[PDB]
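Heads up, the thing below is written out as structure tokens.
In this analysis, Cβ positions are derived from the backbone assuming ideal geometry, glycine residues included, and neighbour counts consider all displayed protein chains. Computed from the coordinates by the stated procedures, all read-outs in this text should not be read as laboratory data.
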Amino acid sequence: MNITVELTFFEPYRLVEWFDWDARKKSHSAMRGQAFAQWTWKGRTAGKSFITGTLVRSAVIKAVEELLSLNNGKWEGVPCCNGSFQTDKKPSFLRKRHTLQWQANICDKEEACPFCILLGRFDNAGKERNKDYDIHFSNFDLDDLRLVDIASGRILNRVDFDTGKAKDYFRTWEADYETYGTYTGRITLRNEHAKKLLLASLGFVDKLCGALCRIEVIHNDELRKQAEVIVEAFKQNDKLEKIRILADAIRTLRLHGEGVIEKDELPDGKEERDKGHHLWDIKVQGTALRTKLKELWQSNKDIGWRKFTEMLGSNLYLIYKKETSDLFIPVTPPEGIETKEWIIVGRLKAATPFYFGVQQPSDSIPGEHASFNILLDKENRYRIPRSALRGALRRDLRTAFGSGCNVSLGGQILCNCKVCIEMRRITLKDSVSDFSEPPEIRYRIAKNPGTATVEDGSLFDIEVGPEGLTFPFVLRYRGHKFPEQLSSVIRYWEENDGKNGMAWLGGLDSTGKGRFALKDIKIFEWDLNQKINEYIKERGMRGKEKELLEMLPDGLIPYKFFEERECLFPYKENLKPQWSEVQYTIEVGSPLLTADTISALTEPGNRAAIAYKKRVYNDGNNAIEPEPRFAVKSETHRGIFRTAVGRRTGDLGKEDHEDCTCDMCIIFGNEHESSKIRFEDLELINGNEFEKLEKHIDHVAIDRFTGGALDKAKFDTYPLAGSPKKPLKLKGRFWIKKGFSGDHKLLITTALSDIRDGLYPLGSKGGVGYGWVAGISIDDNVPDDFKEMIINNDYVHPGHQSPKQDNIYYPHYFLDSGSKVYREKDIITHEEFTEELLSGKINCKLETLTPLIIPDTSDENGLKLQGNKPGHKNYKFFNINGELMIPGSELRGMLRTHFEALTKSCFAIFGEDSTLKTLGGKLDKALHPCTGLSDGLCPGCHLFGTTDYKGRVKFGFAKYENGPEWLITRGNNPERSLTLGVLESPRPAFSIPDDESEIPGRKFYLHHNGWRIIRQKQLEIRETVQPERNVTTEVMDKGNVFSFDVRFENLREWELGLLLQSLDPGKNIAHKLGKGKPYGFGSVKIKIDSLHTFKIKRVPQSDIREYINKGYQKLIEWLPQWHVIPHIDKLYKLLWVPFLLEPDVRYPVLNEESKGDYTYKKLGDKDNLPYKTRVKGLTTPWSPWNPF
RNA sequence: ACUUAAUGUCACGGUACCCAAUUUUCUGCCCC
RNA sequence: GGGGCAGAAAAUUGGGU
Ligand SMILES: [Zn+2]
Ligand SMILES: [Zn+2]
Ligand SMILES: [Zn+2]
Ligand SMILES: [Zn+2]
């Protein structure tokens, strides 16, 4: 009586090379994969997959013994004995397992039990010749066939419990159950006595080859070549540095649709640029990169958009990188015991962006681009493997039990501990989310503690899934009683009203990746002892648990005896305190720029730097929510606290964090342990209260010599908005384990307190004043153990030529301080704060002595004057959220320029390779901008910082805090503006008229009241000059007070005094901000309101001295009288304000032009005036020019 | 046949896990 | 008599089990 039996795997099963019983001993995989499916080749490719008949027989007899245990060793009223499992040749496989037994004449080969003949105890065939078997299990063949088509190699793992690191790993060949998941075989049964029991066992076999199963009776060559063409074309442009970034852009293009390249939506470049985008408008093969990508897309339509973009990015990455003992255990259950099997169906919603790691492609081949890829199956949809889910359940049960074991491999004895007993009764299925969308890329860097900049070779990208995917959850427990320890884990994982889910599933848990909120839980159970008849009929609802989750099988009454969350002893005692949540919102009153630069090149808008935004999946509405959520990354959130504790405790700056037990290694984990604190993303919850959530802020580095924009230094950032009147709320959180002593909890409380004080700004451009934290409010749900724990300068400058004129002076002069530059090779590290050095904050007022011009260049039509005069770049004053502000880059720019001039630093921003030979070829070699810290750093470069060394002085965005707001012109278009003159580029050829003239110094602008000429001649300037050359903008009035902070850290005793002197050089001396400096606009006076010092302790005026006084002493060796030093007397003459009488200051005109005798081509003629122009345009800060 | 051996397959018997701040520097500025 | 730059230099994987 032949029986045709067909397999059907409902989750990825595993297979191994068949080898042989003699040859299995040689290879570890074959012995490990004895119970898996088998693979034999038909070269080493295109084999055939099968599962051995012996394995199916072992599963069947295990089902038989289980069923007979259910029915006291008697199925269908036919009694069966206890069987035999002892041998005096041994079988090819030894049971090494506890055997289910029962209470139950002798058995011979005449009237053997159905169990006996199912085992084939007394058949003609023993240990192979012909089909003499009473029951025969033939090989089950799957029903060409390359292995990579059926299976993909996967590296599994064994994670330690006391630590969090892996202890060992092994590979696997999880097959494709979707397509190649059906195996057909023959079972021949000579004796009809055990046919019913055999069929019942077939229907009772639940899983084989590591997968739930049912038993029922009866291209690249062309794309890589074109990527090589693109790389060679970039070589022709010498732009090979951005082919690495271009690969990332192509990889992220898979997130966007085909329209981003078909109907070009990539940034098109500036309108007047004439070069287009710096990356997309690159001629490859003489053809633009956007058009080249479009041609490639229409030439590779067959493979699909996501595949094409992935392969193109991977290929660009490759070409860039290519060039860069024997015991029997009879277990008899007590008579009358009731055994059941519970089903735990539900959805594993991801409360955090998850990550399930997988080995890199070309290494996962059984038989690419991102550093860490996420695990997906063949259809590119996210997968939660049962092995990763079961491994987390084992850890969580061990936590719930409180006493488990480190699971041992190869043990001849089943582990008798609490957790291992229940893992054998627990079976749980593999799950894939029905969401076939590309995983988001989340980059990561490591900051160098010494320099507070990135570490060399420490940038990597991680494929992470969206937050909110709902994966199906199936958990079957077959036992006599449902354990309260497993119910606790189900309740621990369940997302209650305040539990919010605690299923830490997958990897990267320290950065809050993979905290799943298990939900939609329904409990179903089978009365397996007395309601087994239709458990075989329905196959235990195997493979159709989605129907159970949606909704009525017979014999599957719901389990209503499932305890609540606050009713289980192992939950509240062991699982509830396992991780303690600390939720808090960070209030930042400054623009926030997390600098998602890769996404900037792809999204429309054409911004050099944009803000990082997440991609949150919505379960209710399906798909991804159209509006992405802006957030400070959890890794950025994690690393800021890690840096915070390192500087407070001195753990940062260590030579190497080996197997270390310091405070930071203990709290945040290291090579040989796991972090006991894990952080989540800092989502912006204050996003809907902003009229324009992001803000376009333009920046440019001003040349020290010419006082104008550099050759290539103009860059625009696109951070979030935010101001003191309207800050950003960032409701992040972190989880605290139950192992922190009082010292460590207080050590983190201080770290968060330092965040509140503003020591660690969020995102990039912290020194510019981005991401400055204005305060932290702790959530109520935070445990009480944590929440409860939380100047006038009297210097006066004389002045020489202006007082004795009641003369026309040149609008700018040069500070020739010489080439003597002192470099601090002993760089001050941003590591643990030094006791002898000083840190704190400076509160400074900012009074405008002349009208101020800080344009909000986010709009070229802020005053709405482009319609009347096309091409007229009308500007509005800089403002965030509607209130006027001065960006800290503007404040840092003049102070650094003043500090560099005061301390005789180098020309940090200088236009080299500019013909006048080049400008850089005549600036000596000590005033040149500083390279890496090997050659030392200038006092300005040691304080404000340079490349690969963060500056120790942070300038904030100046608020306003009352004052006379606007200057009223009474005749301008908005009645609160001023049309400026033709602001032309600085001309170094005037200051360097010949090769004999080596170089003038830093260009500084006088403090004249020449803006009144512009104010008075408003009618004569809007008509005699073309609108596209002039600029109009609203200007501040006289005596406008601002307020900005200077978060200075790790400054020497004299460095702080130097900057205070740099901030407030004294009476009659001020600074210059914004446009109109040649026109007398923007003369600002800085007054230090209060200096605070932490080691929070305000220093008095008596202590303000001896900072400036020895800062004066430092200048000597390179009340104080600053005019004694020759280069500070010249410096303060330029910054001298001669109206605190009314000197006349203007540029000469070209010949008899529209004058107001002091004309170019006469004053610039060698015959009329010798080449002493530099002798009076430089090194003489107030030389008269009209009488000369 | 490729491929099982049979009175004994806890491999669902093992989380690809751990360490890392997309940041550092830059006045939206200006005359032959 | 004339608009000029509108990003540049870097790091874009290194260690464990
Ligand atoms: Zn028997
Ligand atoms: Zn154990
Ligand atoms: Zn350490
Ligand atoms: Zn320098």
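Remark: chain A projects, on average over all directions, an area of 53.7 nm² (convex hull of Cα atoms). Alpha-carbon geometry of the range A:803-1177: the Rg and the Dmax are 21.5, 65 Å, given in that order. Taking every DSSP helix (H) stretch of at least 4 residues in chain A, weighting each as -39,500 (n - 2.57) and dividing the sum by the residue count yields a mean residue ellipticity at 222 nm of -6500 deg cm²/dmol. Over the range A:679-750, the fraction of Cα-Cα pairs per 5 Å bin, rounded to whole percents and listed from the shortest bin up, is 3, 12, 13, 11, 10, 11, 11, 11, 8, 5, 3, 1, 0. Each principal axis of the Cα cloud of the range A:16-136 was evaluated for its coordinate range; sorted largest first, these ranges are 56, 30, 28 Å. Here A:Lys787 is the anchor, and the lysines within straight C-alpha reach of less than 17 Å, apart from those fewer than 8 places off in the same chain, are A:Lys731, A:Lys737, A:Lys738, A:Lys745. Where both bridge residues fall in chain A, DSSP classifies roughly 90% of the beta bridges as antiparallel. For the range A:315-373, the convex hull drawn through the C-alpha positions has a volume of 301 cubic angstrom per residue. The distance separating the Cα centre of the range A:338-385 from that of the range A:745-772 comes to 36 Å. Per the Kirkwood formula applied to alpha carbons, the range A:470-583 shows a radius of gyration over Rh ratio, Rg over Rh, of 1.01.
Based only on other Cβ atoms within 10 Å, what is the fewest-to-most ordering of A:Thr594, A:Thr332? Show your work: numbers first, answer last.
Working: A:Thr594 23, A:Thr332 13.
Least crowded to most crowded, the residues run A:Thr332, A:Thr594.
Please name whichever of A:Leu923, A:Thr1024, A:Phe1094 sits farthest to the positive end of the charge dipole of the range A:803-1177, dipole taken about the Cα centre and charges placed at Cβ: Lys and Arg +1, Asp and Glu -1. Looking along the dipole axis, the top candidate is A:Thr1024.
Under 1.5 on a/c is rounded, so check that first for the range A:219-324, then, if it is not, pick prolate when a/b is larger than b/c and oblate when it is not; a ≥ b ≥ c are the square roots of the alpha carbon gyration tensor eigenvalues.
On the way: a/c = 1.66, a/b = 1.10, b/c = 1.51.
It comes out oblate by the Cα gyration axes.
Of the cross-linked pairs A:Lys959/A:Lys1133; A:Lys42/A:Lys546; A:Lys25/A:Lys307, those separated by over 32 Å at the C-alpha level are A:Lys42/A:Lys546; A:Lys25/A:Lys307. Taking N as the residue count of the range A:1026-1178, its C-alpha radius of gyration divided by 2.2 N^0.38 Å amounts to 1.39. Taking amide H atoms as placed 1.01 Å from N in the peptide plane, the amide H of A:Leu208 lies under 5 Å from those of A:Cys213, each 5 or more residues away in sequence or on another chain. Along the axis of the charge dipole computed for chain A (Cβ charges of +1 for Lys and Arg, -1 for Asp and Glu, origin at the Cα centre), the listed residues A:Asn500, A:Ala452, A:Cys938 are led at the positive end by A:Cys938.
Suppose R0 equals 56 Å. What FRET efficiency, 1/(1 + (r/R0)^6) with r the Cβ-Cβ distance, do A:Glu335 and A:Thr163 give to the nearest 0.05?
Values: r = 45 Å, r/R0 = 0.81.
Once rounded, the FRET efficiency stands at 0.80.
Which one of A:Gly1001, A:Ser977, A:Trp1011 has its Cα pushed farthest toward the positive end of the charge dipole of the range A:975-1029, where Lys and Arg give +1 and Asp and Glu give -1 at the Cβ? My answer, from the dipole projection, is A:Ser977. Counting beta carbons within 10 Å around each of A:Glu1053, A:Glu550 and listing the fewest first gives the order A:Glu550, A:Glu1053.
Around the amide H of A:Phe170, modelled in the peptide plane, lie the amide H atoms of A:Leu156, A:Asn157, all under 5 Å away and 5 or more residues distant in sequence or on another chain.
For a footprinting-style exposure proxy, rank A:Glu691, A:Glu680 by other Cβ within 10 Å, fewest first. Mind dumping the intermediate values first?
On the way: A:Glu691 8, A:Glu680 24.
Sorted ascending by nearby Cβ count, the order is A:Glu691, A:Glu680.
Averaging 1/r across all pairs of distinct Cα atoms in the range A:155-204 and inverting the result yields a Kirkwood radius of 15.5 Å. Size check on the range A:2-217: the Cα extents along the three principal axes, sorted descending, read 54, 47, 33 Å.
Listed here are the pairs A:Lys1075/A:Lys1155; A:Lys864/A:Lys1087; A:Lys109/A:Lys544; which of them are more than 31 Å apart at the Cα? Before the final figure, lay out each step's value.
On the way: A:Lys1075/A:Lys1155 22 Å; A:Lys864/A:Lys1087 36 Å; A:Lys109/A:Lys544 42 Å.
As for pairs spanning more than 31 Å Cα to Cα, those are A:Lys864/A:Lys1087; A:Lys109/A:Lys544.
The tail of the calculated P(r) for the range A:743-819 beyond 20 Å holds 65 percent of all Cα-Cα pairs. The largest-to-smallest principal axis extents of the Cα set in the range A:331-567 are 72, 47, 37 Å.
Ignoring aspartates and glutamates fewer than eight residues from A:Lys90 along the same chain, the ones with Cα atoms less than 19 angstrom from its Cα are A:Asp20, A:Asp22, A:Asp123, A:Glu128, A:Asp326.
With a Förster radius of 25 Å applied to the C-beta separation of A:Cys405 and A:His672, the computed FRET efficiency comes to 0.80.
In a reduced charge model with +1 at each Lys and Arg Cβ and -1 at each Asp and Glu Cβ, chain A shows a dipole moment near 680 debye about its Cα centre.
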